[PDB]
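S.K.: Have a look at the structure that comes next, please.
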Amino acid sequence: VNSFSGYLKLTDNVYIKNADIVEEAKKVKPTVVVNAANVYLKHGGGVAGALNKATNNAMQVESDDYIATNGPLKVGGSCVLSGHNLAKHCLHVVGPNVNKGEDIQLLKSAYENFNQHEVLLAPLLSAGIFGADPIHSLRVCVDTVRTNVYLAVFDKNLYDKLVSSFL
Ligand SMILES: O[C@@H]1CCN(c2ncnc3[nH]ccc23)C1
């Protein structure tokens with residue numbers, strides 16, 4: 001039993017809700033919140049910009065030190081950093097950005113990072129400003145993640161479409 005509330009159950013392990021991931025994280029304080037990161041951990045917009053703003057830029061400060069030490073992530077890769085005031089940990093995961101011409105097959109690799117964590121709050125990878133089809137992202141999520149994932153879909157209109165089209 002966990003403290004996530006109001007989710008629709010899609011499969012044995014995937015749950016979905018129309019919600020703002022920032023406000024959800026602040027309420028639940030999950031062990032792991034997933035960020036929709038880029039390889040440089042430049043949290044400008046989308047989910048990343050919103051999470052960083054909620055940390056008063058502490059996420060960006062920590063991220064800049066991470067990059068200075070380690071260099072960029074790989075597309076499809078991830079790193080674990082602090083969750084600041086939002087969660088114990090933040091798993092920064094880089095899904096392909098279609099608006100940069102990145103390979104969509106890497107979306108499965110991106111979701112595989114979730115399997116290293118027993119429970120996560122997460123967005124649909126590569127959705128929103130990353131330019132992928134959210135229905136496809138949800139399909140890859142369900143077919144790749146085996147751990148317990150609580151998906152927050154910000155757009156209510158998008159949430160309703162995701163539920164009604166789910167196979
Ligand atoms: O890529 C799409 C576009 C934005 N996005 C989000 N998902 C869940 N919570 C969020 N809060 C702020 C943005 C956001 C997914």
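Quick note on naming: the chains in the structure tokens go A, B, ... in the order shown, residues restart at 1 in each chain, and ligands are numbered from 1 in order of appearance.
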Using only C-alpha atoms and all ligand atoms, what are the residues with an atom within 9 Å of ligand 1, set out as an mmCIF file with C-alpha atoms, in the first residue's frame?
M.R.:
data_model
loop_
_atom_site.group_PDB
_atom_site.id
_atom_site.type_symbol
_atom_site.label_atom_id
_atom_site.label_comp_id
_atom_site.auth_asym_id
_atom_site.auth_seq_id
_atom_site.Cartn_x
_atom_site.Cartn_y
_atom_site.Cartn_z
ATOM 1 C CA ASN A 18 -4.737 13.734 -15.019
ATOM 2 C CA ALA A 19 -2.452 15.714 -12.716
ATOM 3 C CA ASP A 20 0.301 18.323 -12.424
ATOM 4 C CA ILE A 21 3.420 16.340 -11.506
ATOM 5 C CA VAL A 22 4.758 19.255 -9.440
ATOM 6 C CA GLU A 23 1.664 19.406 -7.234
ATOM 7 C CA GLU A 24 1.511 15.603 -7.064
ATOM 8 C CA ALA A 36 11.833 14.573 -18.451
ATOM 9 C CA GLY A 45 10.671 24.074 -20.022
ATOM 10 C CA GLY A 46 8.155 21.301 -20.023
ATOM 11 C CA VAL A 47 8.151 19.046 -16.986
ATOM 12 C CA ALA A 48 11.831 19.794 -16.340
ATOM 13 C CA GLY A 49 11.337 23.547 -16.150
ATOM 14 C CA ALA A 50 8.348 23.113 -13.842
ATOM 15 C CA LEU A 51 10.126 20.732 -11.454
ATOM 16 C CA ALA A 122 6.594 9.849 -13.723
ATOM 17 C CA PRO A 123 5.543 11.745 -16.854
ATOM 18 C CA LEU A 124 5.126 10.161 -20.256
ATOM 19 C CA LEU A 125 8.629 10.210 -21.699
ATOM 20 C CA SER A 126 9.138 12.138 -24.941
ATOM 21 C CA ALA A 127 5.615 13.617 -24.731
ATOM 22 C CA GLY A 128 4.798 17.314 -24.645
ATOM 23 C CA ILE A 129 7.571 19.532 -26.009
ATOM 24 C CA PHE A 130 9.704 16.452 -26.790
ATOM 25 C CA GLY A 131 7.361 15.912 -29.740
ATOM 26 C CA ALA A 132 6.461 12.216 -29.563
ATOM 27 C CA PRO A 134 1.787 10.315 -26.155
ATOM 28 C CA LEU A 151 1.889 8.404 -14.515
ATOM 29 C CA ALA A 152 0.825 12.055 -14.326
ATOM 30 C CA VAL A 153 -0.644 13.469 -17.554
ATOM 31 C CA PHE A 154 -0.970 17.253 -17.214
ATOM 32 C CA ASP A 155 -3.336 17.918 -20.113
#
S.K.: Which residues are close to residue 150 of chain A, i.e. within 7 Å by only C-alpha atoms, leaving aside same-chain residues fewer than 3 positions away? Reply as a ChimeraX atom specification.
M.R.: /A:14-16,120-122
S.K.: Would you save the residues of that selection, restricted to N, CA, C and O atoms, as a PDB file, in the first residue's frame?
M.R.:
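part_38.pdb was written with the following content:
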ATOM      1  N   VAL A  14       0.957  -0.349 -13.881  1.00  0.00           N
ATOM      2  CA  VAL A  14       0.917   1.004 -14.426  1.00  0.00           C
ATOM      3  C   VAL A  14      -0.417   1.652 -14.088  1.00  0.00           C
ATOM      4  O   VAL A  14      -1.484   1.084 -14.349  1.00  0.00           O
ATOM      5  N   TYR A  15      -0.337   2.869 -13.559  1.00  0.00           N
ATOM      6  CA  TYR A  15      -1.462   3.669 -13.105  1.00  0.00           C
ATOM      7  C   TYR A  15      -1.342   5.054 -13.724  1.00  0.00           C
ATOM      8  O   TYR A  15      -0.231   5.558 -13.906  1.00  0.00           O
ATOM      9  N   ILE A  16      -2.482   5.679 -14.048  1.00  0.00           N
ATOM     10  CA  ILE A  16      -2.475   6.945 -14.777  1.00  0.00           C
ATOM     11  C   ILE A  16      -3.503   7.913 -14.199  1.00  0.00           C
ATOM     12  O   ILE A  16      -4.566   7.504 -13.723  1.00  0.00           O
ATOM     13  N   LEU A 120       7.659   4.647  -8.773  1.00  0.00           N
ATOM     14  CA  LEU A 120       8.012   5.959  -9.307  1.00  0.00           C
ATOM     15  C   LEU A 120       6.767   6.761  -9.640  1.00  0.00           C
ATOM     16  O   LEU A 120       5.757   6.208 -10.075  1.00  0.00           O
ATOM     17  N   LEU A 121       6.865   8.076  -9.458  1.00  0.00           N
ATOM     18  CA  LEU A 121       5.968   9.052 -10.069  1.00  0.00           C
ATOM     19  C   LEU A 121       6.643   9.566 -11.335  1.00  0.00           C
ATOM     20  O   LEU A 121       7.815   9.950 -11.289  1.00  0.00           O
ATOM     21  N   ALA A 122       5.921   9.584 -12.458  1.00  0.00           N
ATOM     22  CA  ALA A 122       6.594   9.849 -13.723  1.00  0.00           C
ATOM     23  C   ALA A 122       5.689  10.509 -14.754  1.00  0.00           C
ATOM     24  O   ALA A 122       4.469  10.304 -14.742  1.00  0.00           O
TER      25      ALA A 122
END
S.K.: Counting only C-alpha atoms, what is within 9 Å of residue 39 of chain A, bar same-chain residues fewer than 4 positions away, as a ChimeraX atom specification?
M.R.: /A:67,71-75,77-78,93-94
S.K.: Just to confirm, what's the straight-line distance from atom CA of residue 135 of chain A to atom CA of residue 163 of chain A in Å (one decimal)?
M.R.: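 Atom CA of residue 163 of chain A lies at a distance of 9.4 Å from atom CA of residue 135 of chain A.
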S.K.: Report the residues of segment 109-157 of chain A whose backbone DSSP state falls under helix (DSSP H, G or I), written as a PDB file with N, CA, C and O atoms, in the first residue's frame.
M.R.:
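Everything below was put into out-v1.pdb:
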ATOM      1  N   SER A 109      14.544   2.206 -24.390  1.00  0.00           N
ATOM      2  CA  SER A 109      15.721   2.283 -23.532  1.00  0.00           C
ATOM      3  C   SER A 109      15.513   3.279 -22.396  1.00  0.00           C
ATOM      4  O   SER A 109      15.897   3.022 -21.250  1.00  0.00           O
ATOM      5  N   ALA A 110      14.894   4.423 -22.696  1.00  0.00           N
ATOM      6  CA  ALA A 110      14.634   5.423 -21.661  1.00  0.00           C
ATOM      7  C   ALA A 110      13.746   4.848 -20.562  1.00  0.00           C
ATOM      8  O   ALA A 110      14.034   4.996 -19.369  1.00  0.00           O
ATOM      9  N   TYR A 111      12.653   4.179 -20.945  1.00  0.00           N
ATOM     10  CA  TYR A 111      11.762   3.606 -19.943  1.00  0.00           C
ATOM     11  C   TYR A 111      12.418   2.480 -19.149  1.00  0.00           C
ATOM     12  O   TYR A 111      12.032   2.243 -18.000  1.00  0.00           O
ATOM     13  N   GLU A 112      13.401   1.774 -19.728  1.00  0.00           N
ATOM     14  CA  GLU A 112      14.064   0.705 -18.979  1.00  0.00           C
ATOM     15  C   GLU A 112      14.701   1.227 -17.695  1.00  0.00           C
ATOM     16  O   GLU A 112      14.827   0.478 -16.717  1.00  0.00           O
ATOM     17  N   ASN A 113      15.093   2.503 -17.663  1.00  0.00           N
ATOM     18  CA  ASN A 113      15.665   3.056 -16.439  1.00  0.00           C
ATOM     19  C   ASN A 113      14.694   2.959 -15.271  1.00  0.00           C
ATOM     20  O   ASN A 113      15.120   2.883 -14.113  1.00  0.00           O
ATOM     21  N   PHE A 114      13.382   2.998 -15.545  1.00  0.00           N
ATOM     22  CA  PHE A 114      12.408   2.946 -14.458  1.00  0.00           C
ATOM     23  C   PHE A 114      12.492   1.624 -13.698  1.00  0.00           C
ATOM     24  O   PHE A 114      12.097   1.556 -12.530  1.00  0.00           O
ATOM     25  N   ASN A 115      12.953   0.552 -14.354  1.00  0.00           N
ATOM     26  CA  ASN A 115      12.959  -0.765 -13.723  1.00  0.00           C
ATOM     27  C   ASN A 115      13.962  -0.886 -12.594  1.00  0.00           C
ATOM     28  O   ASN A 115      13.921  -1.879 -11.860  1.00  0.00           O
ATOM     29  N   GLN A 116      14.836   0.103 -12.424  1.00  0.00           N
ATOM     30  CA  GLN A 116      15.781   0.114 -11.319  1.00  0.00           C
ATOM     31  C   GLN A 116      15.179   0.670 -10.035  1.00  0.00           C
ATOM     32  O   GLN A 116      15.891   0.781  -9.030  1.00  0.00           O
ATOM     33  N   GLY A 128       4.718  15.868 -24.772  1.00  0.00           N
ATOM     34  CA  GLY A 128       4.798  17.314 -24.645  1.00  0.00           C
ATOM     35  C   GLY A 128       5.797  17.894 -25.630  1.00  0.00           C
ATOM     36  O   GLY A 128       5.808  17.541 -26.816  1.00  0.00           O
ATOM     37  N   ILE A 129       6.636  18.814 -25.143  1.00  0.00           N
ATOM     38  CA  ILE A 129       7.571  19.532 -26.009  1.00  0.00           C
ATOM     39  C   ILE A 129       8.668  18.648 -26.586  1.00  0.00           C
ATOM     40  O   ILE A 129       9.427  19.119 -27.441  1.00  0.00           O
ATOM     41  N   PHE A 130       8.776  17.384 -26.156  1.00  0.00           N
ATOM     42  CA  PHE A 130       9.704  16.452 -26.790  1.00  0.00           C
ATOM     43  C   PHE A 130       9.149  15.868 -28.090  1.00  0.00           C
ATOM     44  O   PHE A 130       9.882  15.189 -28.815  1.00  0.00           O
ATOM     45  N   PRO A 134       1.978  10.815 -27.527  1.00  0.00           N
ATOM     46  CA  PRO A 134       1.787  10.315 -26.155  1.00  0.00           C
ATOM     47  C   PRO A 134       1.130   8.951 -26.077  1.00  0.00           C
ATOM     48  O   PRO A 134       1.405   8.198 -25.135  1.00  0.00           O
ATOM     49  N   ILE A 135       0.246   8.615 -27.019  1.00  0.00           N
ATOM     50  CA  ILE A 135      -0.336   7.276 -27.038  1.00  0.00           C
ATOM     51  C   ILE A 135       0.757   6.234 -27.227  1.00  0.00           C
ATOM     52  O   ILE A 135       0.761   5.185 -26.569  1.00  0.00           O
ATOM     53  N   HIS A 136       1.698   6.502 -28.135  1.00  0.00           N
ATOM     54  CA  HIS A 136       2.841   5.611 -28.293  1.00  0.00           C
ATOM     55  C   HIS A 136       3.686   5.564 -27.026  1.00  0.00           C
ATOM     56  O   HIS A 136       4.096   4.481 -26.587  1.00  0.00           O
ATOM     57  N   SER A 137       3.956   6.721 -26.416  1.00  0.00           N
ATOM     58  CA  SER A 137       4.755   6.700 -25.198  1.00  0.00           C
ATOM     59  C   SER A 137       4.106   5.847 -24.116  1.00  0.00           C
ATOM     60  O   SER A 137       4.793   5.094 -23.418  1.00  0.00           O
ATOM     61  N   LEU A 138       2.786   5.955 -23.957  1.00  0.00           N
ATOM     62  CA  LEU A 138       2.103   5.143 -22.955  1.00  0.00           C
ATOM     63  C   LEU A 138       2.226   3.659 -23.280  1.00  0.00           C
ATOM     64  O   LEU A 138       2.440   2.830 -22.384  1.00  0.00           O
ATOM     65  N   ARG A 139       2.097   3.307 -24.560  1.00  0.00           N
ATOM     66  CA  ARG A 139       2.230   1.915 -24.972  1.00  0.00           C
ATOM     67  C   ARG A 139       3.618   1.379 -24.631  1.00  0.00           C
ATOM     68  O   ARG A 139       3.759   0.286 -24.066  1.00  0.00           O
ATOM     69  N   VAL A 140       4.664   2.135 -24.974  1.00  0.00           N
ATOM     70  CA  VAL A 140       6.020   1.699 -24.653  1.00  0.00           C
ATOM     71  C   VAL A 140       6.193   1.577 -23.145  1.00  0.00           C
ATOM     72  O   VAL A 140       6.817   0.630 -22.655  1.00  0.00           O
ATOM     73  N   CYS A 141       5.659   2.533 -22.385  1.00  0.00           N
ATOM     74  CA  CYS A 141       5.742   2.451 -20.930  1.00  0.00           C
ATOM     75  C   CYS A 141       5.165   1.133 -20.425  1.00  0.00           C
ATOM     76  O   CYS A 141       5.817   0.396 -19.682  1.00  0.00           O
ATOM     77  N   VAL A 142       3.934   0.824 -20.823  1.00  0.00           N
ATOM     78  CA  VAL A 142       3.262  -0.370 -20.325  1.00  0.00           C
ATOM     79  C   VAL A 142       4.019  -1.627 -20.723  1.00  0.00           C
ATOM     80  O   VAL A 142       4.056  -2.610 -19.972  1.00  0.00           O
ATOM     81  N   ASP A 143       4.604  -1.632 -21.915  1.00  0.00           N
ATOM     82  CA  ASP A 143       5.291  -2.807 -22.439  1.00  0.00           C
ATOM     83  C   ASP A 143       6.753  -2.901 -22.003  1.00  0.00           C
ATOM     84  O   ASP A 143       7.429  -3.870 -22.367  1.00  0.00           O
ATOM     85  N   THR A 144       7.260  -1.928 -21.250  1.00  0.00           N
ATOM     86  CA  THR A 144       8.664  -1.901 -20.846  1.00  0.00           C
ATOM     87  C   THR A 144       8.852  -1.865 -19.344  1.00  0.00           C
ATOM     88  O   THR A 144       9.728  -2.565 -18.817  1.00  0.00           O
ATOM     89  N   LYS A 156      -5.619  17.649 -19.285  1.00  0.00           N
ATOM     90  CA  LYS A 156      -6.851  16.899 -19.040  1.00  0.00           C
ATOM     91  C   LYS A 156      -7.396  16.332 -20.338  1.00  0.00           C
ATOM     92  O   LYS A 156      -7.775  15.158 -20.407  1.00  0.00           O
ATOM     93  N   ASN A 157      -7.452  17.157 -21.381  1.00  0.00           N
ATOM     94  CA  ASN A 157      -7.885  16.645 -22.672  1.00  0.00           C
ATOM     95  C   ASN A 157      -6.993  15.496 -23.123  1.00  0.00           C
ATOM     96  O   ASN A 157      -7.486  14.483 -23.626  1.00  0.00           O
TER      97      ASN A 157
END
S.K.: So, counting only C-alpha atoms, which residue among A:166, A:40, A:159, A:4 is closest to residue 66 of chain A?
M.R.: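 Closest residue, counting only C-alpha atoms: A:40.
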S.K.: Please give the complete set of residues from chain A that DSSP, run on the backbone, assigns to strand (DSSP E or B), formatted as a VMD selection string.
M.R.: chain A and resid 8 to 9 14 to 18 32 to 36 78 to 82 89 to 93 119 to 122 148 to 153
S.K.: When you look at residue 2 of chain A with a cut-off of 10 Å (counting only C-alpha atoms), what residues show up, excluding the ones that are within fewer than 5 positions of it in the same chain? I need them as a VMD selection string.
M.R.: chain A and resid 28 30 119
S.K.: Using only C-alpha atoms, find the one residue out of A:17, A:9, A:29, A:161 that sits nearest to residue 87 of chain A.
M.R.: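 The answer is A:29, which sits nearest to residue 87 of chain A.
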S.K.: I need the residue nearest residue 37 of chain A from this list: A:76, A:6, A:101, A:83. Use only C-alpha atoms for the distance.
M.R.: A:76
S.K.: Which residues are close to residue 52 of chain A, i.e. within 12 Å by only C-alpha atoms, leaving aside same-chain residues fewer than 6 positions away? Reply as a ChimeraX atom specification.
M.R.: /A:21-22,35-37,41-46,58-63,82-86,90,92
S.K.: Would you output that residue set with N, CA and C atoms, as a PDB file, in the first residue's frame?
M.R.:
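out-v8.pdb written:
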ATOM      1  N   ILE A  21       2.417  17.142 -12.205  1.00  0.00           N
ATOM      2  CA  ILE A  21       3.420  16.340 -11.506  1.00  0.00           C
ATOM      3  C   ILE A  21       4.082  17.123 -10.380  1.00  0.00           C
ATOM      4  N   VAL A  22       4.198  18.446 -10.521  1.00  0.00           N
ATOM      5  CA  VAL A  22       4.758  19.255  -9.440  1.00  0.00           C
ATOM      6  C   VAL A  22       3.876  19.166  -8.202  1.00  0.00           C
ATOM      7  N   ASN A  35      12.118  13.060 -13.852  1.00  0.00           N
ATOM      8  CA  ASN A  35      12.186  14.251 -14.677  1.00  0.00           C
ATOM      9  C   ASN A  35      12.372  13.874 -16.137  1.00  0.00           C
ATOM     10  N   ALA A  36      11.654  14.597 -17.001  1.00  0.00           N
ATOM     11  CA  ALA A  36      11.833  14.573 -18.451  1.00  0.00           C
ATOM     12  C   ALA A  36      13.039  15.443 -18.810  1.00  0.00           C
ATOM     13  N   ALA A  37      14.226  14.857 -18.677  1.00  0.00           N
ATOM     14  CA  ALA A  37      15.488  15.570 -18.792  1.00  0.00           C
ATOM     15  C   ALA A  37      16.004  15.584 -20.226  1.00  0.00           C
ATOM     16  N   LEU A  41      20.989  18.276 -18.853  1.00  0.00           N
ATOM     17  CA  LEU A  41      20.268  18.620 -17.631  1.00  0.00           C
ATOM     18  C   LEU A  41      19.980  20.117 -17.542  1.00  0.00           C
ATOM     19  N   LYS A  42      19.610  20.713 -18.678  1.00  0.00           N
ATOM     20  CA  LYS A  42      19.189  22.113 -18.720  1.00  0.00           C
ATOM     21  C   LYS A  42      17.670  22.140 -18.625  1.00  0.00           C
ATOM     22  N   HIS A  43      17.172  22.474 -17.439  1.00  0.00           N
ATOM     23  CA  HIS A  43      15.761  22.301 -17.105  1.00  0.00           C
ATOM     24  C   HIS A  43      14.975  23.571 -17.436  1.00  0.00           C
ATOM     25  N   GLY A  44      14.754  23.780 -18.730  1.00  0.00           N
ATOM     26  CA  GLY A  44      14.217  25.050 -19.186  1.00  0.00           C
ATOM     27  C   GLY A  44      12.707  25.145 -19.278  1.00  0.00           C
ATOM     28  N   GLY A  45      12.078  24.056 -19.690  1.00  0.00           N
ATOM     29  CA  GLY A  45      10.671  24.074 -20.022  1.00  0.00           C
ATOM     30  C   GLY A  45      10.095  22.685 -19.882  1.00  0.00           C
ATOM     31  N   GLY A  46       8.814  22.569 -20.206  1.00  0.00           N
ATOM     32  CA  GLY A  46       8.155  21.301 -20.023  1.00  0.00           C
ATOM     33  C   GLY A  46       8.158  20.898 -18.563  1.00  0.00           C
ATOM     34  N   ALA A  58      17.275  24.916  -7.205  1.00  0.00           N
ATOM     35  CA  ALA A  58      18.271  24.032  -6.610  1.00  0.00           C
ATOM     36  C   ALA A  58      18.539  22.815  -7.492  1.00  0.00           C
ATOM     37  N   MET A  59      17.518  22.310  -8.186  1.00  0.00           N
ATOM     38  CA  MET A  59      17.729  21.210  -9.124  1.00  0.00           C
ATOM     39  C   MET A  59      18.735  21.596 -10.209  1.00  0.00           C
ATOM     40  N   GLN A  60      18.618  22.809 -10.759  1.00  0.00           N
ATOM     41  CA  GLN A  60      19.550  23.243 -11.796  1.00  0.00           C
ATOM     42  C   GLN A  60      20.966  23.383 -11.253  1.00  0.00           C
ATOM     43  N   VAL A  61      21.121  23.955 -10.055  1.00  0.00           N
ATOM     44  CA  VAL A  61      22.449  24.111  -9.463  1.00  0.00           C
ATOM     45  C   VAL A  61      23.115  22.747  -9.290  1.00  0.00           C
ATOM     46  N   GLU A  62      22.376  21.782  -8.740  1.00  0.00           N
ATOM     47  CA  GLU A  62      22.911  20.438  -8.562  1.00  0.00           C
ATOM     48  C   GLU A  62      23.252  19.808  -9.905  1.00  0.00           C
ATOM     49  N   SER A  63      22.371  20.003 -10.889  1.00  0.00           N
ATOM     50  CA  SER A  63      22.571  19.427 -12.212  1.00  0.00           C
ATOM     51  C   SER A  63      23.811  19.990 -12.894  1.00  0.00           C
ATOM     52  N   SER A  82      19.229  14.405  -6.299  1.00  0.00           N
ATOM     53  CA  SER A  82      18.316  14.701  -5.207  1.00  0.00           C
ATOM     54  C   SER A  82      16.916  15.024  -5.725  1.00  0.00           C
ATOM     55  N   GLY A  83      15.910  14.675  -4.924  1.00  0.00           N
ATOM     56  CA  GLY A  83      14.559  15.125  -5.173  1.00  0.00           C
ATOM     57  C   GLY A  83      14.223  16.449  -4.532  1.00  0.00           C
ATOM     58  N   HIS A  84      15.161  17.042  -3.795  1.00  0.00           N
ATOM     59  CA  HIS A  84      14.988  18.372  -3.195  1.00  0.00           C
ATOM     60  C   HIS A  84      13.729  18.352  -2.338  1.00  0.00           C
ATOM     61  N   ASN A  85      12.854  19.342  -2.457  1.00  0.00           N
ATOM     62  CA  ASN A  85      11.638  19.428  -1.668  1.00  0.00           C
ATOM     63  C   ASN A  85      10.488  18.632  -2.263  1.00  0.00           C
ATOM     64  N   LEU A  86      10.708  17.909  -3.357  1.00  0.00           N
ATOM     65  CA  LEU A  86       9.627  17.250  -4.084  1.00  0.00           C
ATOM     66  C   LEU A  86       9.555  15.747  -3.863  1.00  0.00           C
ATOM     67  N   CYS A  90      15.309  12.326  -7.487  1.00  0.00           N
ATOM     68  CA  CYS A  90      14.837  12.584  -8.840  1.00  0.00           C
ATOM     69  C   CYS A  90      15.634  11.729  -9.815  1.00  0.00           C
ATOM     70  N   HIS A  92      16.464  11.550 -13.404  1.00  0.00           N
ATOM     71  CA  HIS A  92      16.476  12.335 -14.635  1.00  0.00           C
ATOM     72  C   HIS A  92      16.632  11.365 -15.789  1.00  0.00           C
TER      73      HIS A  92
END
S.K.: For atom CA of residue 167 of chain A and atom CA of residue 3 of chain A, determine how far apart the two atoms are, in Å to one decimal place.
M.R.: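 Atom CA of residue 167 of chain A sits 26.5 Å away from atom CA of residue 3 of chain A.
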S.K.: What is the atom CA of residue 31 of chain A-atom CA of residue 106 of chain A distance in Å, reported with one decimal?
M.R.: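 The value is 25.4 Å.
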S.K.: Tell me which of A:81, A:158, A:107, A:12 sits closest to residue 65 of chain A, counting only C-alpha atoms.
M.R.: A:81
S.K.: With distances taken over only C-alpha atoms, which residue among A:102, A:91, A:96, A:160 lies nearest residue 32 of chain A?
M.R.: A:91
S.K.: From the set A:117, A:13, A:133, A:5, which residue has the shortest atom-to-atom contact distance to residue 25 of chain A, counting only C-alpha atoms?
M.R.: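 Between A:117, A:13, A:133, A:5, the residue approaching residue 25 of chain A most closely is A:5.
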